[PDB]
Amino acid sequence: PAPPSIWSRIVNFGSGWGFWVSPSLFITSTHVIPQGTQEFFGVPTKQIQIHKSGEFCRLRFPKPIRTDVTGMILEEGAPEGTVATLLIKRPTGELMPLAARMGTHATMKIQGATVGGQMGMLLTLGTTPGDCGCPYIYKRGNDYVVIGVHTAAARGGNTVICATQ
C-alpha cells in the first residue's frame, strides 16, 4: 500500500506515467517521454534541464510546479532483498500497487539495448505496456525512498526492471 500523497505525484506522461519527486523534479522513462512537444506542463523544454541515464529520465524545471508535494529521497536502487512497491496507475484510474523484492543492480541487455537499473521479482495481476515511468518506492524508517521507474518486464516470468540513476 502507499499514502495518498505519494500516489498524487504519479501523472500521465506520453505513452506512460511520471513521478514528481519534488515540486520541480520530475522523473519518467525514456521510452514514454513525448519526442515532439516543445512544452511540458506549460514550461518550455528550453527551460527544462533533462538528464537521461539509460531509461531513467530526469526533468528539472526552473520554477516549482507541484508545491503541494514534499521533496522525497531519490536513490540509485535499493539494497538487494528490499521489498519495494511498484506504484502503477492504470488509465481507468485504478491504483495497482505491486510488491517486488528488488535484486541485483546491473547493466542489462533489453531488446538489444543497454539499460542501467535493478532487477525485481513480483510477489503473487501483473505489469503491462503503458506502465513504464511508474515509480518504485520502499519505506525506510519513517521516510519514503523512490529508487527508479519501471522499464521492462521479462516474459515467461515475474522479473521486472527498475531503471535507476
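For every residue, the number given is its place in the sequence shown, counted from 1.
- Per the record, residue 70 and residue 71 are directly connected, as no deposited residue between them is missing from the model.
- For residue 116, the recorded CA temperature factor ranks within the middle third of the chain's modelled residues.
- Annotation for residue 25: CA B-factor lies in the middle third of the chain's modelled residues.
- When all modelled residues of the chain are sorted by CA temperature factor, residue 83 is found within the middle third.
- When the CA B factors of the chain's modelled residues are split into thirds, the value for residue 97 lands in the middle one.
- Residue 62: CA B factor in the highest third of modelled residues in this chain (values from the PDB entry).
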